[PDB]
Ligand SMILES: Cn1cnc(Cn2c(=O)nc(Nc3cc4cn(C)nc4cc3Cl)n(Cc3cc(F)c(F)cc3F)c2=O)n1
Ligand SMILES: Cn1cnc(Cn2c(=O)nc(Nc3cc4cn(C)nc4cc3Cl)n(Cc3cc(F)c(F)cc3F)c2=O)n1
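Chains as they are written, first to last, in the authors' numbering: chain A, 1 to 304; chain A', 1 to 304. A prime marks a further copy of an entry chain.
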């Protein structure tokens, strides 16, 4: 009962966060086994940030230029290498708190938990989604560079995001853990613009199901639509088109609830055209698109 | 930049969660030093839950009736005692992962993070507020009894909530860690009703400040009101009355923003009377009342 923006427990990640300083530039890094992963922007002095030549800056550095602090313990840098936009600092000590992990790239519309960190120190946890324009609507202040996003699958942490920068619109941009940006951005301190964002339709439908599971039923009706008639309406309102694979993903919720996907699509059509008229769904007055079908199952049926 | 429902990192609590079984009844408990704290409802068999006589049930038990599992490790119960609605199971091993901690009772309107647990296993983290009617709007399934709420002050975990039960309306009720209920509830499986809830006015004002800090300014105006004129309007709309101490708490946000509290109160007056007319604030179409003034400072200025 109830429905909240729920993050994954963050303890397994917290013991991996460290602080990385290179001269007067400092940010967060991720310590797994005997490697520390962090944004390569850390080798920039303030003069280099606008237009860095990262290959040039890196060859001018040595291992002792890199200060890595894990709490009070200092870690000895014994090697360094660049992989796309991340720096890999080999250290002399393997992190005894290394969880089982993997590096995965997520798709637009998927959700993950962020551990926001400052000076190597975990500060807070929240859930967000990768937007279709490859930015996230995070909550980050100065000093959060290197903070990570992750999911938990049983025992295993899947890292999927490393925070790099803020865009002029206030949204955030970053890379996967192999250093490849999400979206068309580059790691330099310039004004870069995001493409126009759209609403994640399958998620809105997942959330309507969650509402029906929690006793909000006022928006349902008899009608059924077809994919094509729906998608014609979706596009007018800046919603991602719906596919057959989307419909199939919503299968478990369809079953548990007794409402066909195309049945629920007709309700969504109505909500889009007529609005909500001061009514709320799951305590919201807007259609919420940052819960996936898996988030709903996890919170309305049970997974630990 | 950005604004999210942010929870505290949960790692320090996660290593304290255990599973407590007494016959066929099972729930979560909190292992600190050599004590395990859990809801006393665990000594009820299914027949006892409607109208337990807890003093009777407890004397009929012995230490070996209590199965406590910390992951795979079983803990040896060497003593038991009841304190109001919580059971204290003394065990033979002190939890090596015990953080610095304290037990504090929170006031209505304050916020805290919940670690929702099942079978002793941490499942998710979210932030919520204690409502003025002493319930919380949580997200909990069967098996979450004993889950805890907490805050973090530097190094120190302040535990403030132990989850007991769900009410017919879908909201949740629990105790502090000394076993005293929040609100007029009792730990038995009967239908109990909550008092009528109200909106936490000081929090709504804290959130309007957060919006101004993040560039949402459309709702501001010239007018100033007085406490008395505002409180006259607040009460018509089921808002908690505002006090001088509330005004003082909003001091830091007033300063950082250049907008007097009574200035912001006039905007809130307008929003209450005219509504928002399809505009949003911080991505919400409702006035949000579950961020305290301290939550806003923490997320818009910086505290780790
Ligand atoms: C407001 N906000 C929201 N998210 C962010 C993230 N972020 C950040 O934390 N820091 C950045 N630049 C740095 C300045 C430094 C000054 N010192 C002493 N050390 C510093 C280290 C960093 Cl990383 N930036 C900007 C930024 C970071 C990049 F990694 C990048 F490739 C381009 C950029 F423009 C930043 O966005 N701040
Ligand atoms: C849907 N929901 C939302 N929150 C809750 C919390 N909660 C819970 O998890 N369990 C409860 N009763 C139990 C049944 C058991 C069956 N077995 C085998 N073991 C059990 C243990 C418990 Cl605790 N309840 C009900 C409940 C729990 C109390 F602690 C109480 F004092 C009165 C109550 F009515 C419950 O609300 N479920």
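Yeah, the Cβ is synthetic: ideal placement off N, Cα and C, and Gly gets one too.
For residue 26/A', none of the residues of chain A pass the 8 Å Cβ criterion, the least Cβ distance being about 14 Å. Here the distance from the Cβ of residue 183/A' to the nearest heavy atom of ligand 2 is not below 6 Å. By the Cβ test, the segment 127-137 of chain A' is in contact with the segment 283-294 of chain A', since at least three Cβ pairs between them sit closer than 8 Å. Within the segment 49-132 of chain A', the complete alpha helix (DSSP H) segments of 4 residues or longer fall at 54-59, listed in chain order.
Interface flag for residue 297/A against chain A' is unset, since no Cβ pair is found closer than 7 Å.
Contact annotation: in the segment 8-22 of chain A, residues whose CB is within less than 9 Å of a CB in chain A' are 8, 9, 10, 11, 12, 13, 14, 15. Taking 6 Å as the cut-off, the C-beta of residue 187/A counts as close to a heavy atom of ligand 1.
According to DSSP, residue pairing for residue 29/A' in a beta bridge involves 18/A'. Of all residues in the segment 225-240 of chain A', none comes within less than 9 Å of chain A when Cβ atoms are compared. For residue 161/A', not one C-beta of chain A is nearer than 7 Å to its own C-beta. Residues of the segment 105-124 of chain A' with a Cβ closer than 9 Å to any Cβ of chain A, in chain order: 113, 114, 115, 116, 117, 118, 119, 121, 122, 123, 124. Residue-level contact check: residue 131/A' does not touch chain A, since none of the beta carbons of chain A fall below 7 Å from its beta carbon.
Rounded to the nearest whole angstrom, the CA to CA distance from residue 104/A to residue 66/A' is 42 Å. Following the DSSP letters along the chain, one finds residue 209/A inside the alpha helix (DSSP H) bounded by residues 201-213. The DSSP-derived three-state label of residue 6/A is coil. The three-state reading of DSSP puts residue 175/A in strand, counting E and B together.
For a cut-off of 8 Å, the C-beta gap from residue 197/A to residue 132/A is around 6 Å, short enough to register as a contact. If you draw a straight line from the Cα of residue 218/A' to the Cα of residue 264/A, it is about 35 Å long.
DSSP places residue 238/A outside both helix and strand once states are collapsed to three, so it counts as coil. Residue 90/A has its alpha-carbon roughly 48 Å from the corresponding atom of residue 174/A'.
In the three-state scheme derived from DSSP, where H, G and I count as helix and E and B as strand, residue 301/A is classed as helix. Cβ-Cβ separation between residue 182/A and residue 134/A: approximately 4 Å, consistent with a contact (criterion under 8 Å). For residue 166/A', the Cβ falls inside the 6 Å cut-off from some heavy atom of ligand 2. Not one heavy atom of ligand 2 is found less than 6 Å from the C-beta of residue 180/A'.
Rounded to whole angstroms, the separation of the alpha carbons of residue 168/A and residue 276/A is 32 Å. Our two residues, residue 79/A and residue 63/A, have alpha carbons roughly 6 Å apart in a direct line. Per DSSP, reduced to three states, the secondary structure at residue 159/A is strand.
If you draw a straight line from the Cα of residue 164/A to the Cα of residue 145/A, it is about 5 Å long. When beta bridges are read from the DSSP output, residue 166/A' appears opposite 172/A'.
Sequence-distant partners of residue 156/A' (beyond 5 residues in either direction) whose C-beta falls short of 7 Å from its own C-beta, in its chain, are 100, 101, 102.
With a cutoff of 7 Å on beta-carbon distance, residue 4/A' and residue 123/A are scored as not near each other. Of the heavy atoms belonging to ligand 1, none sits nearer than 6 Å to the Cβ of residue 28/A. Under the 7 Å criterion on CB atoms, residue 146/A is classed as non-interfacial with respect to chain A'. With respect to the C-alpha of residue 268/A, the residue from 15/A, 239/A, 294/A having the closest C-alpha is 239/A. Identification of chain A residues near residue 166/A' by a Cβ-Cβ cut-off of 9 Å yields 1, 2, ordered along the chain. Of the other Cβ atoms in all chains shown, fewer than 16 fall within 10 Å of the Cβ of residue 59/A'; this residue is therefore exposed.
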